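Okay, so we've got the same protein chain twice, two forms, each given alone as structure tokens, structure 1 and structure 2.
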Structure 1
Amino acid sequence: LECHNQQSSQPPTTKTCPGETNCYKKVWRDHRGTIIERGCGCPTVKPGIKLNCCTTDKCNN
């Protein structure tokens, strides 16, 4: 599975995710502002953080 891995508004990039069936996109706000993290797999849902997990290549833009 190939997943996007760039942060926030950075130019889109990809990495391979061996042994993963999911890609994730995590969005949250802190003192720095709104942060968007993308990568392999799918972490558990936490209040305050908006999480999107998907199953196809580069689905997490």
Structure 2
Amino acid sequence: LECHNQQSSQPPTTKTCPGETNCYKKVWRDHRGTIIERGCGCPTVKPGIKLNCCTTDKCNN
């Protein structure tokens, strides 16, 4: 499958992960403003992180 991986508001980039049918967009606030980490798969997550898992290509924007 295909999914984004750029961090926060850097230009949209892609990462191809064959077979991985889900994707993720994690958001935590932190000291340095809203940080965002996108990637492949649907990961279990520590406390206080906005997780959003997704099912189509390049949908974790």
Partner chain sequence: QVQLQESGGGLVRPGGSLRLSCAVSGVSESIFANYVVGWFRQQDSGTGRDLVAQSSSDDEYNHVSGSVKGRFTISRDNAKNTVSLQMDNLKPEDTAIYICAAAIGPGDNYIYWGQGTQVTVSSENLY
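Note that the rigid core is defined as the largest set of C-alphas that superpose within 1.5 Å between two forms. Shifts are known only where both forms have a C-alpha. Quick note, the numbers are simply positions in structure 1, starting from 1.
The form solved in complex with its partner chain appears here as structure 2. When two forms of a protein are overlaid on their rigid core, residues whose CA moves 2 Å or more are considered shifted, and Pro47 is one of them between structures 1 and 2. The rigid core superposition between structures 1 and 2 gives a CA shift for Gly19 of 2.7 Å.
Fit the two forms on the rigid core and the C-alpha of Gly33 turns out 1.4 Å off between structures 1 and 2.
After fitting on the rigid core, only one stretch of 3+ residues whose CA atoms all move by 2 angstroms or more between structures 1 and 2 is found, at 45-47.
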